[PDB]
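Right, one structure below, let's go through it.
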Amino acid sequence: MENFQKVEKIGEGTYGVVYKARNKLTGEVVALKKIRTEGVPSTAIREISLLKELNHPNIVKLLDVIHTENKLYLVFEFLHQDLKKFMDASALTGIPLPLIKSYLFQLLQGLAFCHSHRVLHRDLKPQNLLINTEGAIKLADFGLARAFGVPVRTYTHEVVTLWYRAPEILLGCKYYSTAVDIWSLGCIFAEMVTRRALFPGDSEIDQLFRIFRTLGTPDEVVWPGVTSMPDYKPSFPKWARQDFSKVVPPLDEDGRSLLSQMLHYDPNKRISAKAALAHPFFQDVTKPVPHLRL
Ligand SMILES: Nc1nccc(-c2cc(Cl)sc2Cl)n1
């Protein structure tokens, strides 16, 4: 776009290259995202436009949608770092619990807002959770999955991670509920605490079986209707559930209680973002300033 000065390539996004750019007219720095091929369907256009109104402090603001020469460019609010990089840079000591709680608290507020408007992310991951020097954290690319389906590989052939994918998705559910985002956030919560990914699957079955080995193979008791799902197989190995005290030490009882509810197999039983915000784990939540060195 002639109105933007591509100052730098930030990285490779799910849909295309993501650039840091400056608007010549306003002078504001933004995140420019190129999306993908035939002419862009009107459905995607209408879906994306609805996102311009989904405004919240914990959601990366969609500034503009530029469709020209049959090409789509999304203009977003720009943040200097993602949670993936921050966790890597805090590996030696791990993110202080107060900051972890603050981030989870803010993330849940963002989900609650989007979910109340029936909008899902469907592909939450450390890579699209952005933070600033003021202690805030925001969800990026919310709603794009519905507009543009999440691919197996990105334009750069990079494999889209399955680490945060909810079990109902892995089992072939055709209709996603807001519960898929709580699952993903639960996995990220566990990762911030232990400093290691919870379920680092490298294939759909490996992902599913890693979940099964930790939470126990799901059955009709804990998940009514699971055996009738598209990709469920009666031949799945039967693993017993591990205690959370072993899965996420040194998370306290409040944190483990909340995580368990965010990781419930049955999407309907899984806690909502709104109910999670009222959980005792957040009784002493604060907003610490993070140590960011840009
Ligand atoms: N909005 C924004 N701002 C800075 C970086 C990004 C970003 C860059 C990626 Cl690569 S994924 C992702 Cl999310 N988005």
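Chain A residue numbers are taken from Swiss-Prot; in order, the displayed residues are 1-36, 41-298.
The deposited model was determined using X-ray crystallography, 2.0 Å.
Each Cβ is built from the backbone N, Cα and C atoms, and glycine gets one as well.
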Per Swiss-Prot, the candidate from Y19, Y77, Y180 carrying the annotation phosphotyrosine: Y19
Where Swiss-Prot places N6-acetyllysine when the choices are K6, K33, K250: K6
Feature phosphothreonine, as given in Swiss-Prot - residue among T14, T97, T231: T14
Record feature phosphotyrosine (Swiss-Prot), assigned residue among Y15, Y159, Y236: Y15
Residue from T41, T160 to which Swiss-Prot assigns phosphothreonine: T160
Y15 (phosphotyrosine) - helix vs strand vs coil (DSSP): coil
Packing count at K9 (site 'CDK7 binding') (other Cβ atoms within 10 Å of its Cβ): 10
Listed recorded positions among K9, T14, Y19, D127, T160 whose Cα sits within 10 Å of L166 (site 'CDK7 binding'): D127
Residue with minimal Cβ packing [other Cβ atoms within 10 Å] among the modified residues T14, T160: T160
Inter-residue Cα distance where the pair is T14 (phosphothreonine) and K89 (site 'CDK7 binding'), in Å: 17
Cβ-Cβ neighbours of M1 (N-acetylmethionine) (radius 10 Å): 16
